[PDB]
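Colleague: Got an experimental structure here, sequence first:
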Amino acid sequence: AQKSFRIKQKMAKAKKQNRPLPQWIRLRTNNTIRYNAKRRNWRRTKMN
Amino acid sequence: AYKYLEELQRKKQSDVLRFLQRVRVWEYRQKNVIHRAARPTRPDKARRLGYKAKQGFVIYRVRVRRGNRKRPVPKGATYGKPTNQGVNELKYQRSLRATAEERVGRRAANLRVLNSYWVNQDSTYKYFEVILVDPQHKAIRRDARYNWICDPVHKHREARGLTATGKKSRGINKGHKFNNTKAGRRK
Amino acid sequence: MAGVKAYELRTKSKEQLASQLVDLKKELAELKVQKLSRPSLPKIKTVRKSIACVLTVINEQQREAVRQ
Amino acid sequence: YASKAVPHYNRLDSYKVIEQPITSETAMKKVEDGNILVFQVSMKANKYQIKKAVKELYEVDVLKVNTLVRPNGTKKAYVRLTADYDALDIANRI
Amino acid sequence: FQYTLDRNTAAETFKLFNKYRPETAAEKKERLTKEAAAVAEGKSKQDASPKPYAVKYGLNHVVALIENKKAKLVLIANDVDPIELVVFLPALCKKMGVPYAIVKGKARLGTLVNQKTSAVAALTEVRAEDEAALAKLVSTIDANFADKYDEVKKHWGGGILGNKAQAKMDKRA
RNA sequence: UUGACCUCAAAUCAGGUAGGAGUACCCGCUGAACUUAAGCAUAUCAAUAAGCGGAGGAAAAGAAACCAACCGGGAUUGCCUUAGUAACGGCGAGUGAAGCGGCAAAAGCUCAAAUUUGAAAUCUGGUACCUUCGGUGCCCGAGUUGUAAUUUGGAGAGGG
RNA sequence: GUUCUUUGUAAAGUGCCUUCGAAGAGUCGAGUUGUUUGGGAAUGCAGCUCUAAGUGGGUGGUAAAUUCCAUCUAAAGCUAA
RNA sequence: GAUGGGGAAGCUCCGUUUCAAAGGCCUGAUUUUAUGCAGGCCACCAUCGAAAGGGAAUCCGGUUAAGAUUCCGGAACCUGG
């Protein structure tokens, strides 16, 4: 699958936000809510 | 002069009116759907309706198509009673020349249209001719004895109904009618 | 600028506010070439917002210009 | 032709325009065993621009520039160096 | 290849009823010439006229002024589009008294009015003149175009809607 | 050989213009059936939903080609009434609005048709209270020019 | 506040005379087709034909006729709540 | 599948083969670098539509945690100037 940027960039983002909850935010003096909660699993939900 | 012309074109058919309507239609007919302005064909009772004068000048011509109503579909169908069932012969509430006024508008509303005059009739159309004034323009609002057309809403309305033939084909009556509605009414 | 603003507001040439800007820039860049652990940044942020102060103060004193 | 109004101001610029010294584990190596500086870029990389960039900014000279569109958004360049620039040597910057 | 449009116009403009209607043909048959290369005596007099004989200039004006009788040798023009306007004139010319004159170049009768077009032009002054003009001219011209309007319908023809001028010069009521 | 008149164009050549959007509610066009009739066509549903094209702060309407008996009344708009009544109707099922009355808000007006063929209009330039493409001037230059002013419910008189 | 007052040939209000100026056409009305209305031989709308008048037309909630009478000026406009 | 246009109340429908100015370009050209002209081809009836069709030009060796007919070594051929 030799892609195209349109689907490239996007592919790349799948990556960029494929990451576990930040952990700082966990203690922002306010609330913060735990868990990435938006979590693509390249085996569960799927891209485009 | 204006008067002679007015009461002159008041006698149709008639030698001149005819031997003229003929050349002309034989001309006109052949010249693109609408074929914007030239220099005002019949200026006579054109003044009666704020003639040429607008804005500096601009009065375009359009051939609408004659006849009754093209009921689309192929079918019915839809039950039929209260047809419904009927198709070939519905009749257009529109106003034949009205359509003309609208299209003219579309073909360019750089202006706004003051009113539209007849001119001739084949068996395959009805040769109507509309007027303008380019509000988004000059003296139109400058030497505005007429900025009426210019102000906000009174514009493009060359088919919101508030025109003349629509105004007529609706309710400019007063008494003996249910013709200002809307309404509906009455609940 | 890095201020002020009340400073950059006057008044060296486009070819003066120039190497001021170019300066702060070679700053920001090297400031990046740091990139090593922490990182704070902190004055990467400083140098940055400033970079703009310059940029904006730079695109007006050429505008009121065109405005003549 | 003709006119009487126009655009506005020469905004900008548009250039700059070499990102953030993309150098890690393997990159350093590039700038080592091979002598080929692994900077990065701005995806809208004007291409031979990169040339004019480094050749200007770090100013030494370069020979090839093969430039992958890394999996990130990272559009990272692969620059070399004529008999001049000795990598770590022109790693005065980084 | 769209000059045709107008070309072919003139074509049927002749072809169909090769005359047709009123002096609507007078402004045709008797037009093609009207009013000779003898008219240029008029269109030379009425040339430097703005010095020896004032001038006219006034379309509707010349209409009410052939109703107000103070007119001159009034010459109506060949050209006309519509021909509607100047087709009035051909009637209230004798129906009042003036000496009609279906003169040549429309735009010429706009030369003799320091303006672009224009409509039919006339007069009402001289004294030098008064003879020279009205004499040879109004004699000859009034003869031609007038005794022409006599029949003139045919030749062609019709001098149509008199019932028109009837209406018009009636009307006032 | 040399000017224009005229319909027709072509200009990145100058300068504006629209086109999309959009809860409600306004101007239109275009148009169902479900439904009730204990059936079903008539019809009701309904000038309703859907579809389309146009506005606004509202919109639309409005100085009557009205209502009216005598009596008379006097642009629209809205409300209360008029009235579930005049009518309309397989006169079945159901439709069903008006107009001297009391309210609410209050405004009235300009063209075409008439002459002395315009001294009225666009611009663009110079300068101008207005500080660069700009509120309006003046003078001037090209261009417009059946589109400068009284007169339009009532007549003001229109002319003398 | 108006240090102005370019004008005052700038405009308004009697009885006297001039079928006094004369006022919107493919329109008005009609035949017919559809449509719509509470509209009923009684709505408007729009098609296709036909097509006026000028002591003219429109209307007057049954079609004709003929007298009369009553009442407004249509087929070009703007306009606050 | 836009446009020359034509249908449709209208979203839009229909037409690329039967309808100004053409479409531009070209060498020479009125030329000291604009731009007519000498002459030619002239609705070219826009453009989209192939990672198997059409189709300029590379290969061997070496290399990595993970690439490669590219990186790098050597040796090449094409295209435009």
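Modeller: That came in fine, so what should we check first? Numbering: from 1, shown residues only, chains lettered A, B, ... in the order given.
Colleague: looking at this, residue E:13 is in a strand?
Modeller: No - assignment of residue E:13 by DSSP: H, G, I helix; E, B strand; the rest coil gives helix, placing it outside any strand.
Colleague: any idea how far residue E:7 is from it?
Modeller: According to Cβ to Cβ, to the nearest Å, residue E:13 stands 10 Å off from residue E:7. The C-beta positions use only the backbone N, C-alpha and C, and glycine is treated the same way.
Colleague: same question, residue E:140
Modeller: For residue E:140 relative to residue E:7 (Cβ to Cβ), the value is 35 Å.
Colleague: Which one's more surrounded, the two?
Modeller: Neighbour totals were compared for residue E:140 and residue E:7, and residue E:140 leads with 18 against 11 (other Cβ atoms under 10 Å in any protein chain shown).
Colleague: since we're on the residue nearest to that one when sequence neighbours are not counted, how many residues are nearby?
Modeller: Distances taken as Cβ to Cβ, 6 or more residues apart in numbering or on different chains put residue E:38 closest to residue E:140, at 6.4 Å, once the chain neighbours are dropped. Neighbouring residues of residue E:38 were enumerated by other Cβ under 10 Å; the total is 13.
Colleague: before we move on, what about residue E:91?
Modeller: 24.
Colleague: quick one: it is in a helix?
Modeller: No - read with three-state DSSP, residue E:91 is coil and lies in no helix.
Colleague: how about it, what does it touch?
Modeller: Contacts for residue E:91 were tallied using Cβ atoms under 8 Å, 6 or more residues apart in numbering or on different chains; they are E:159, E:162, E:164, E:165.
Colleague: Look at residue C:45 and give its secondary structure.
Modeller: helix.
Colleague: Count the residues that sit near it.
Modeller: Residues near residue C:45, counting by other Cβ under 10 Å: 11.
Colleague: can you tell me the residue of chain E closest to RNA strand H?
Modeller: As assessed by Cβ to the nearest atom of the strand, RNA strand H sits closest to residue E:2 within chain E, at 3.9 Å.
Colleague: what's the spacing between that residue and residue E:79?
Modeller: For residue E:2, the distance to residue E:79 equals 21 Å [Cβ to Cβ].
Colleague: So for those two, which sits in the more crowded spot?
Modeller: A count of neighbours by other Cβ under 10 Å puts residue E:79 above the other of residue E:2 and residue E:79, at 15 against 7.
Colleague: burial of residue D:87, as a residue count?
Modeller: With other Cβ under 10 Å as criterion, residue D:87 counts 17.
Colleague: Name all residues that make contact with residue D:80.
Modeller: Residue D:80 neighbours (Cβ under 8 Å, 6+ apart): D:34, D:35, D:36, D:37, D:62, D:63, D:64, D:65.
Colleague: Chain neighbours aside, what residue packs nearest to the second one?
Modeller: Spelled out, it's residue D:35. Nearest one to residue D:35, counting by Cβ to Cβ, 6+ apart, is residue D:87 at 4.0 Å.
Colleague: same deal with the third one?
Modeller: Closest residue to residue D:36 apart from its sequence neighbours, by Cβ to Cβ, 6+ apart: residue D:80 at 4.5 Å.
Colleague: where's that neighbour, which helix or strand?
Modeller: For residue D:80, there is no enclosing helix or strand under DSSP states H and E.
Colleague: Relative to residue A:15, how far out is it?
Modeller: Distance, residue D:80 to residue A:15, by Cβ to Cβ: 29 Å.
Colleague: count of residues packed around the closest residue to residue E:72 other than its chain neighbours?
Modeller: In space, and not counting its chain neighbours, residue E:72 is closest to residue E:123: 3.2 Å by Cβ to Cβ, 6+ apart. Neighbours of residue E:123 under the rule other Cβ under 10 Å: 22.
Colleague: show me what contacts residue E:123?
Modeller: Taking Cβ under 8 Å, 6+ apart, one finds E:46, E:49, E:53, E:54, E:55, E:56, E:71, E:72, E:73, E:74, E:133 in contact with residue E:123.
Colleague: buried residues in stretch B:50-63?
Modeller: Residues of stretch B:50-63 classed as buried by neighbour count (16 or more other Cβ atoms under 10 Å in any protein chain shown): B:51, B:52, B:53, B:54, B:55, B:58, B:59, B:60, B:61, B:62, B:63.
Colleague: how near is residue C:55 to chain D?
Modeller: Noted for residue C:55: a distance of 9 Å to chain D, by Cβ to the nearest Cβ, to the nearest Å.
Colleague: Is the nearest residue to that residue once chain neighbours are set aside in a helix, a strand, or coil?
Modeller: Once flanking residues are discounted, residue C:55 sits nearest to residue C:21: 7.1 Å by Cβ to Cβ, 6+ apart. Three-state secondary structure (criterion: three-state DSSP) places residue C:21 in helix.
Colleague: continuing past the top helix by length along chain B, what's the next helix or strand?
Modeller: Counting by DSSP state H, the longest helix found in chain B is helix B:15-26. The helix or strand immediately downstream of helix B:15-26 is helix B:44-48, counting by DSSP H and E.
Colleague: The helix or strand just after that next one close to RNA strand F?
Modeller: Next helix or strand after helix B:44-48 toward the C-terminus (DSSP H and E): strand B:61-64. No - Strand B:61-64 is not in contact with RNA strand F by Cβ under 7 Å from any atom of the strand; minimum separation 9.0 Å.
Colleague: Could you confirm whether whatever helix or strand comes next after strand B:61-64 reaches RNA strand F?
Modeller: Counting by DSSP H and E, the next helix or strand C-terminal to strand B:61-64 is helix B:97-106. Yes - using Cβ under 7 Å from any atom of the strand, helix B:97-106 reaches RNA strand F at residue B:106.
Colleague: Tell me the buried residues in helix B:97-106?
Modeller: By neighbour count with 16+ other Cβ under 10 Å, helix B:97-106 contains the buried residues B:97, B:98, B:99, B:100, B:101, B:102, B:103, B:104, B:105.
Colleague: For the fifth one, give me its contacts.
Modeller: Residues touching residue B:101, when contacts are defined by Cβ under 8 Å, 6+ apart, comprise B:113, B:116, B:128, B:130, B:158, B:159, B:163, B:165.
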